[PDB]
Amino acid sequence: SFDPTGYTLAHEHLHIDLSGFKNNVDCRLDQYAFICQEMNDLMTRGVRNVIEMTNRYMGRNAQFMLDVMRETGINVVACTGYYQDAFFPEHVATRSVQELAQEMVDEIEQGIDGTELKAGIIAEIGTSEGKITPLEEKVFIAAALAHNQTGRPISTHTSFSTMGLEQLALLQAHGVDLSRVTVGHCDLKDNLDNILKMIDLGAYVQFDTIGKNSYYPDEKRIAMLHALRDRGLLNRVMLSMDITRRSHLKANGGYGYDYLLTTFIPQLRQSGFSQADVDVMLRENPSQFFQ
């Protein structure tokens, strides 16, 4: 299963389909051969695990993930949960918070999509830009309930690096040990103040939008990583690319998942990070958090 001797990409999508919400086939990331080739490339750079963030109604495909693992040998940790307000199915409003929690618990305990594969994390649970809507609050409470019963960690989605502290306060008010929560997308803006506060509360933070330079530059992500390294806070930071589109794949003229290792990490080491510093974020942290 999980291989603690190798690297872990903390937030990725291997099979996601948000094409129906957008009317864009680019958002239907389901090109098997290409995805398998990308996993083989990751394997050559020491990656052994990928935490998949596609929950049921985001277009998850357990069989596809089982197949990718069978073909490449990479380990994929599947998730369970609900996305964000704009993408919620109608039933998030009509079901009770208890029913939502039960669903997440069964996906963790029995299996997902009719297969033998089980969800290993409650994720990607998100909030909207600059606000937590009533339905998102309900989903976060359900996540808290499912975590309090199964102990599986919670991995979130912050919209443009907003509301992270609010997500933590909500989860903690519902009995969640914040060391079991990792805040996604903290790297889409100058977000040091919030990040330091989140780490102070005991949560893990993620710089998982590496390569998405039209949103925020990698140079600035590197500067923020240095601020964390300077304060001895690297043991709370995890990394990823958050690949979501066909155009992100190398076969389609994109940068691919391994861009993290072929390009970003080399720039990070060039700016001063030791390989040990890198290994804390890519190997140590995930092994301690995801298991």
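Heads up: residue numbers just count along the shown sequence, starting at 1.
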Highest mean C-alpha temperature factor of the two stretches 118-126 and 191-199, which is it?
191-199
Quick one: higher average CA temperature factor, 210-218 or 162-170?
210-218
From the list 265, 69, 53, 62, select the residue with the highest C-alpha B factor recorded in the entry.
69
Of the residues 102, 80, 75, 96, the one carrying the largest Cα B-factor as recorded
75
Residue 258's Cα B-factor: lowest, middle or highest third of the chain?
lowest
Cα B factor band for residue 275 (lowest, middle or highest third within the chain)
lowest
Name the third of the chain's ranked CA B-factors that contains residue 132, choosing lowest, middle or highest.
highest
Looking at the temperature factor on the CA atom of residue 252, which third of the chain's modelled residues does it land in?
middle
Going by the CA temperature factor in the PDB record, which third of the chain does residue 44 belong to: lowest, middle or highest?
highest
